[PDB]
Structure formats: structure tokens, C-alpha cells
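>>> Would you be able to build a 3D model of this:
(chains A, B and C)
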Amino acid sequence: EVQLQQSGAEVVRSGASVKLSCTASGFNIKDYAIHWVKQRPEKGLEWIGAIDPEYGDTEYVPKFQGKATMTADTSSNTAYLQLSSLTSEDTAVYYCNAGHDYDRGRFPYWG
Amino acid sequence: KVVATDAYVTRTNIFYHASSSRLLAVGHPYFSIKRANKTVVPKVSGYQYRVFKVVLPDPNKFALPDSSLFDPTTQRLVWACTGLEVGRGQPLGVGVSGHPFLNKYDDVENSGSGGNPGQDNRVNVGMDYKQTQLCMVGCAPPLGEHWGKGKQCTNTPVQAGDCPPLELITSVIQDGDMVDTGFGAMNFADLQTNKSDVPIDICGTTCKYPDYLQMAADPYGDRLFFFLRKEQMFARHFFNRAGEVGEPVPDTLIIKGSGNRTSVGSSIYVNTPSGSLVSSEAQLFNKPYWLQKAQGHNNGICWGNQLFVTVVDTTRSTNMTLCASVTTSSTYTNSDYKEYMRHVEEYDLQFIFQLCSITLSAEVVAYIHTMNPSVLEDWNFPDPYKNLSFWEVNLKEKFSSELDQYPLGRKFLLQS
Amino acid sequence: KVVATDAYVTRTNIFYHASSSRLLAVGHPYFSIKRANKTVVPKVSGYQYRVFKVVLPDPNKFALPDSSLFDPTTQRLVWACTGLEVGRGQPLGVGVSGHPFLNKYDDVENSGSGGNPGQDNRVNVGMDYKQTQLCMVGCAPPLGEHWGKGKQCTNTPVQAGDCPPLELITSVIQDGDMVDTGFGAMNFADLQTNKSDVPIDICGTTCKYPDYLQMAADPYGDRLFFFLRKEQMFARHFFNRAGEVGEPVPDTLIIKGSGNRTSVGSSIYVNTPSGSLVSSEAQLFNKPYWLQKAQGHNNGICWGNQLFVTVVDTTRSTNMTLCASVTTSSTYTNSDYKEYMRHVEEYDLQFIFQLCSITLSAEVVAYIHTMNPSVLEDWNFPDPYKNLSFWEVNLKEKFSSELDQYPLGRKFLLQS
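Residues are numbered from 1 along each chain as shown, chains lettered A, B, ... in the order given. Structure as follows:
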């Protein structure tokens, strides 16, 4: 009963922003450590950043700083990942995964 | 509705002395030793309750000097406790408990430490417990209170890994139950599932604390003829627990940082206790106590010809270290020796009772049918405590009318 | 102008006992738990004020044994407090508070350290608070004093980031307010804007200290029938604060160096407290207190048929650590367990009141119109305290005339 629902596939022209959503990860008092992973058919898996609901902390990768913006809505909800100037290298499958309660390595619950 | 025993129990001039002789308990201060099925070495620790079930001879069946004291009909006899001395016969000292995998993360008293949360951060840590002295007397076993995994659940409905509901459970203190240490009176077997938050001698059992309020609020007061207590402790060291914080610090209370840091440190703090100094001036034992007046209505009447004496003494908790040689190499090698833990307890229970008669009128028999009805059944006018565990002290064939032939008897003649 | 109650309140021989039974408070020792809007687990800490609002039944509407004691006209009844015992039912111990981001720089007690002032130097630090015991009784709630951000401003005119003006604020002590710890009685929410100078359980609230001087100097003395107190602490460790020194050391007091150094170290020193040893001999509770003579003119008269009992007890502040298993891996992994903080408080309020009548002459009615006028309005001859928060103790339907059926009643018969 622990599954994560996202926004859905989207076809975007170059130079426009897109906003991805996650669900059922990020509640009051609990406390998850949400991560986002990019999957390009050539580069495999790439870690984007780690966001902590409740506290709302934010950590990024220098490759994606300025490209990916992370937000968290403490009620319900979350975790919104938005990308700005979209180029051909952003065509990928994005995942919202959360290890149970905290930390980085563990992704047993994927979007 | 409830009246004191002084109204319907007449006192006599017949006094008796009874001594349990030397009582010795030798075992392991941390856990029982079972090979291969049943225990071979018992668990003997200074932080255990010593609940002595003293069995008294029936005065209605006793070989009294003269039977003209009472009429076999309409009158019955019962013993009344008037003197008590719990003698301890071991050197004063403090014993230590520990855990080779105690859930201690960082020494939080001073400072540190950056960021090392990992698989297993348990450390081998030892400590001394809080000093506790107490002794009680009654004709019924004492009541202890402890916090356990409460009935589920207040509010509803879901698991898992959440905080267990707490419930204050009152129970009977059995011989061998653990007294509170520095981490409270709780059922560590149920509330701490990692078997690593407290030292090994309490991590799989339950620490019980006496419910003085309930036992004092009892109508008849059969459990507290009197009590004496002395508890003392201070905070030795501070540290935090490893693992995920089940209830995080609220946002409103911390300004998030920090470039680095960013992960909130473990905010589950617990401190090690310490019993501080033990001294002879602080001793409650090795001195007689005379039950001049009882707090309850039962003024020391031992109904059922039995007496429950509870004793806690952590001032003689010294754990002896034994070293046996398996071999003797040319040089010193640790593999040649085995180290063992052993603890001892020496007791000498001394009592002085007063014979009393009860004129059984219609009103008296009615008042005694209510309360304990077995008092009338045993008088000819199954034991629910066989499921519990007490230190049996058979004082039948130990009563003596020659008071001056014993230390407590000599002290009784020159006092009270 | 102000006269003692003994002049216009006649005493009787009718005494009553009333017990609150067992009162339990279970919660989190650091902060309240809100999911998602309202609190689910309250903040229960041993360092909180326990202000019990004891509601007494109106003796003018009470089912007294005989109504010939007084005349319905010209005379009214009121309760007078003569006996009190505040029973505590938990093991003695010390609890610890902390902050995962405490504004601690260098351990300044010994020496060190060179030059590492940076972005964030907060460290995860825990500590034990100062030991404080106190209990008060009155027919009006007690007054506490604390230092808060004062009205702006003495002198003129400009901001910003300067030291805030201090003002000694006297207020009503509510149930749940924090007692002083080792950092004074102040409003940490306003005076410390970094939310990181004191541990998390006080960094967003206010520590209040009783204004003994004002409550003792009040004319009628409705707030202090009597009081008992014991405070003790010592300096555990020393350190300095990180951040800019708002007020630097004068040029006259330091010879500047030094090639290196040149920057004056942080000169904002604050020390962690420590409650030292807690012992049974130092306990104020579990023993009765008889209001023989009051310090004020109100000699224990419970005006309005209510009684405010304030209690602070840090000697039973032990915080229990709970550990729930989320999973059970083949090896030991910290990710499988959640750690929780829980604290409990057990109380048993026992009172013994004396019935009193008041002959209402023209002068008596005049003297009672001044002072509290509601005393006459409620007698038939809106509550401003509904904005505050007290622990309601409803002792109506709990009064009993059989004193010997209760512990405090038994102690009353054999004493005073």
C-alpha cells in the first residue's frame, strides 16, 4: 500500500518549462527523504537531488543546479520537480523515489 | 465501614522471636545460565526485588504453654508483627552493568559529532545504576507499577513502526523482579524492540516501581504495614540514540541549515545514571524497626499466618570477578583465561511477633467474611499466590519464647 | 484596612476529605505532536508548572447533615483549607533536554580554540536542567515573573539588530508553563531570535519564575496561603556563543594583539546547568502539610469555592526512550528502528477542608463587596479565568465526612 503516483508523460517544445509531481511521500511528522532520479537511454541513472518534507531541506547536483527546481508542499502531497529551459538532453524518464523515512542510498519505494 | 484491627483484635503479653538464619543467594548479576534446558546458575543481582514469603505457624494449632488463654469456640488466635530487623551481611559497594552493543551514538554532553550515521553504531558501554534502598512489611504481597505496551488502541487505526501505546500496569512484585535503574519503570522487552537501548540485565525484563499511592489508598491496608525508602542518583553522561527519529523536532523550533549539516542530528537523548556515594550512615538495614503504629487499618496483623517482607538493597551490589585458567603458556596470553561474573546476597531476617486473640461475635464474623474470607475458612469456623514467585522462608519450628537468647529479642526487652 | 479572615469567618468542627484519585499525564518531554492540525500527543515535561484548579462544591447548596448550623439569611458558608498532601507516584530521576543545533562554539572551560568562526558552528548538545521543587496553595492563581521583549523604547530612536529592551513581566502561571532551567526566566521566543541558544523544549516558549515578593505583599493574600520550595544547581560546562558580538569589550580592558589572533574571540559566555543529586531526603511531597497559620490575611479561605494548587517537581523528570521496529533485517541496521521520547507524570491530590460560616452584617457585606465582589454575587445576598488554562480537578461529588477511610484523613485525626 506504499506506491507513488506521478504527474504523467508530457511532450514539450524546446524552451518551455515542465512541472512534475509526486504523491503519498511527504507528510507532517513523517519525514521522508525524497530523491529524484533521471533515466536517459544513454547515461543510465543520474541522481538529481534530495528533498526532505517537514523541514523542507534541499540538496542538488552541480550539473542540475539552475536546471531543476525542487519544491515541497507539507500538507498532503508533493514532491514537485520542475525543469526550466528544456533541451533535447532532458528527454528522459524521471522517478520520485523515497527510502523509508530517511537518507540517500535506499530507494525501495519508487514512483 | 472499614475499622482498624485494634477494635476487634485483643492484644496479649505473649511475645515470640523467630530468625531465618543465614540466607545466601549466589548467581550471575546479568542473566540466568541455562545448560542445556533448565537454569544451572540463577540470576542474582543487587537490583532485584527480594520478596520473602515468611510462613508462620498457626497459633490455633500451636503448642502454647497453657490453653486457658482463649476458648476454642468463639475465639481464634492470630500473630501480630511487632519487631523486625533485616540484617545484611556483605560489604558495601557498587556493581556495574553494561551492554556490548548499547545504542549510544555520540557523547552529546560536550560536543560532536559531524555525520556518521550508518548500519550499526552500537558501542560497548558500561555504567552504574541508581542507588535504591527500601523495605516493606505486610500480610499481602506488594504492588508494583510499570509502563508497558498498552492495549491497542486509543484513536485509530494503522501500523507500522509507530510509537507503541503506553499503559500504567499495576502488578504483584515477585522475588527476582528488577527495580528501576536510571531509565524508568517500563517493560523493555515490549517497548524497546532492538534489545540494545539499555544494559543487558534489564533489556529483556521489566523494571517495576512500588505503587505507594495505591497501596496506601487500600481500605484494609494489608500490603503496607509500613515502608522505608531512600533513592538517589545523578546524571553521569549524556548521549543520543542511533536510528531514525520517530517524532522529528518540529519545524518551528529549528532554523534549517546549512550548506553542509542539513540533516537534523539525533534528538533522542537519554542519560546514564549513577548511584553516587554509598555510606554506612545511609543504611536502612542492620537496625531493628518496631511497628508502633501502622498507616493503614491493619496494625500489623498477619492474616493467614504469613508475612510478606520486600527488600531492595543496591548498596551491596558489588559484582565479583572470577578468572579461571584454561592453560598456562610460557608468556601471558589472554586465550589462557576465562572471566566470569558472580554476585552474592546475604540476608538474615529476624522477627518478633505478639500473640493476639479475636472474640468472634456475629458482627465480627460478618466483618471477617467480607475482606479475606479464607481467614474464617482456615479457622474452621487453592492458593492464588502459587502462580507468583517468592522467596519461601519457613519460620515454623523456629518460634521461641526465650527472647533474651537472641539479638533482636535482647533489643526488644531493652526497648519499646 | 485589610483584616485577617479570623475576624469575620467563624470556624466549625465539620471536616471533610477529598481526593483527586490517580491523575496521569503522558506525552512528549520536548514538544507537542501535531498531525496534521491539532495536537495528538501533548507536551508533558517534568519542568512544567502543574497548576491544578480544584473546584469545590458550594457549601450553601451542599447536602449537609443538619441545616440548623446556620441561618439562610444573614449567614453564608465557605470552605477553608486545613490539610494538603500532594502525592507523586513515579521513580525519582533526572531527564535531559537538548538541541541538534545548539549555538555552542568552543568549550571555553579549559582552553581552545584558535580560529574557526564560520557559517554555521552549531553542535548537537544535550544537558540536564536545574533541580527545582515547589508547591503553593491559594484561592487565586499564582503570579510568575519573566523577562520579555520590553515596550519600545527607553531612549531613542533607531534599529536594527540591536539588543532588545528588557521588561520584567508579571503574569498568571498557567498549567504547562515552563519553570526556570539554567538560563533565567525569560521569553526565549522573542529575546533569542536564532531558535538555537537553548534546548528545543524552551527555545520557543517562556520560562516563568514565581514572583514571591509581589504575591507576599498583596493585601488580601489570596494567592499565597503558603509555599514550599527547593532550588539547586551548579555550573556543569562553559562555552561561548557563535556569531557577532553585539557589545564588544572596551578598548581600555584588552591589550590588542597579536600578529595572528587580532580578532577578539567571542565574549558571550553562558554555562550549562546541572541539577546535581536528587534524593528521597530532599523530597517535599508524599507528606502532609497543615496550614496552621497563613502568611497573608487570607487564612486558607477558599473564596469562590475553588483552590489553585501549583506544583513543580523536577525530581521525577526521567524521559523514557521507546524503540519500535519497522523491520527485522538479517543483521542489525539502524534503519529498521524508530526512537521515540515519552515522559509521564503521576499525581494524587489529597485535601482536607473545614466548613466555616460568615455572619453578614452591614460591615461584613461592605468589606466583602470590596475585594472580590463575586463572593456576594454568587451567594445571592463571565469567569475571567476562562482565557487561561489549568488542570481541572473536579472535587464535587468527592467530599466525604468519613475521615478515617482515607490516608490523609487518618493522618489528620492523629495530628494537629
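
>>> Work out which residue lies at the spatial centre of chain B.
Here the mean C-alpha position of chain B is nearest to the C-alpha of residue B:49 (CA atoms, centre = their mean), at a distance of 2.5 Å.

>>> ok, now which ones touch that residue?
The contact partners of residue B:49, by CB atoms under 8 Å, 6 or more residues apart in numbering or on different chains, come to B:144, B:173, B:174, B:175, B:176, B:177, B:178, B:179, B:208, B:310, B:311, B:312. Using the backbone N, CA and C atoms, a C-beta is placed for each residue, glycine as well.

>>> tally of neighbours for residue 31?
Answering for chain A, as no chain was given. For residue A:31, the neighbour count with other CB atoms under 10 Å in any protein chain shown is 20.

>>> not what I meant, chain B
Residue B:31, neighbours per other CB under 10 Å, totals 18.

>>> That one: what secondary structure?
Recorded secondary structure, residue B:31: coil (DSSP: H, G, I helix; E, B strand; the rest coil).

>>> For the nearest residue to it once chain neighbours are set aside, grab phi and psi.
Nearest non-adjacent residue to residue B:31, counting by CB to CB, 6 or more residues apart in numbering or on different chains: residue B:43, 5.7 Å away. When read as degrees, to the nearest 10, the backbone of residue B:43 gives phi -90, psi 110.

>>> ok, now how distant is residue B:43 from chain C?
21 Å (CB to the nearest CB, to the nearest Å).

>>> for the closest residue to chain A within the stretch 101-250 of chain B, what are its contacts?
Across the stretch 101-250 of chain B, the shortest distance to chain A (CB to the nearest CB) belongs to residue B:244, at 4.6 Å. By CB under 8 Å, 6+ apart, residue B:244 lies in contact with A:31, A:101, A:102, C:326, C:334, C:335, C:337, C:338, C:339.

>>> how about the helices of the stretch 101-250 of chain B, start to end?
B:188-191, B:212-216 (DSSP state H, counting those that start in this stretch).

>>> near chain C at all, the last one?
So that's helix B:212-216. Yes - shown here: helix B:212-216 in contact with chain C (CB under 8 Å from any CB of the partner chain) through B:212, B:213, B:214, B:216.

>>> The last one contacts residue B:294, correct?
Just to be clear, that refers to residue B:216. No - using CB atoms under 8 Å as the test, residue B:216 is too far from residue B:294 to be in contact (11.1 Å).

>>> what ranges do the strands span in chain A?
Assigned by DSSP state E, chain A shows strands spanning A:18-20, A:33-40, A:44-52, A:57-60, A:68-71, A:80-83, A:93-99.

>>> is the most centrally placed residue in chain A in a bridge, and if so with what?
Using CA atoms, centre = their mean, the residue of chain A that lies closest to the mean C-alpha position is residue A:36, 3.4 Å off. Beta-bridge pairing of residue A:36 under DSSP bridges involves residue A:49, residue A:96.

>>> Show me which residues of chain A are close to chain C?
A:27, A:28, A:29, A:75, A:99, A:100, A:101, A:102, A:103, A:106.

>>> Return a PyMOL selection command for the buried portion of these.
A single PyMOL command selects the buried members of the residues of chain A next to chain C (16 or more other CB atoms under 10 Å in any protein chain shown):
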select buried, chain A and resi 27+28+29+99+100+101+102+103
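
>>> Out of the residues of chain A next to chain C, flag the one nearest to chain B.
Distances from chain B to the residues of chain A next to chain C, taken by CB to the nearest CB, are shortest for residue A:101, at 4.6 Å.

>>> That closest one touches residue A:29, doesn't it?
No - using CB under 8 Å, residue A:101 is not in contact with residue A:29, being 11.1 Å away.

>>> Enumerate the positions of the longest strand along chain B that are buried.
The longest strand of chain B (DSSP E) is strand B:337-359. Buried residues in strand B:337-359, counted by 16+ other CB under 10 Å: B:341, B:343-345, B:347-358.

>>> Taking those together, which two end up most distant?
Distance extremes for those: the farthest pair is B:341 and B:357 at 51.6 Å, using CB to CB.

>>> In TSV, list the helices of the stretch 101-250 of chain B along with distance to chain A.
Shown next, in TSV, are those (distance: least, CB to the nearest CB, whole Å):
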stretch	distance to chain A
helix B:188-191	19
helix B:212-216	34
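
>>> Tabulate those helices in CSV, adding columns for distance to residue B:277.
Putting the helices of the stretch 101-250 of chain B into CSV (distance: least, CB to CB, whole Å) gives the following:
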stretch, distance to residue B:277
helix B:188-191, 28
helix B:212-216, 25
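
>>> CSV for those helices, including mean neighbour count?
Output for the helices of the stretch 101-250 of chain B, formatted as CSV (neighbours: other CB atoms under 10 Å in any protein chain shown):
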stretch, mean neighbour count
helix B:188-191, 20
helix B:212-216, 20
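
>>> Of those helices, which is nearest residue C:259?
Nearest to residue C:259 among the helices of the stretch 101-250 of chain B is helix B:188-191; the distance by CB to CB comes to 58.0 Å.

>>> Now the residue of chain B positioned farthest from its centre: which helix or strand?
Ranked by distance from the centre of chain B (CA atoms, centre = their mean), the top residue is residue B:259, with 52.4 Å. Using DSSP states H and E, residue B:259 falls within no helix or strand.

>>> mind listing what it touches?
For residue B:259, the contact set (CB under 8 Å, 6+ apart) comprises C:119, C:120.

>>> phi, psi of it?
phi 80, psi -90.

>>> what's the answer for residue B:104, then?
phi -110, psi 130.

>>> wait, it sits on residue B:238?
No - contact between residue B:104 and residue B:238 fails when scored by CB under 8 Å: they sit 10.2 Å apart.

>>> near chain B, which residues of chain A show up?
Counting by CB under 8 Å from any CB, chain A sits next to chain B at A:29, A:31, A:52, A:54, A:55, A:56, A:57, A:59, A:101, A:102, A:103.
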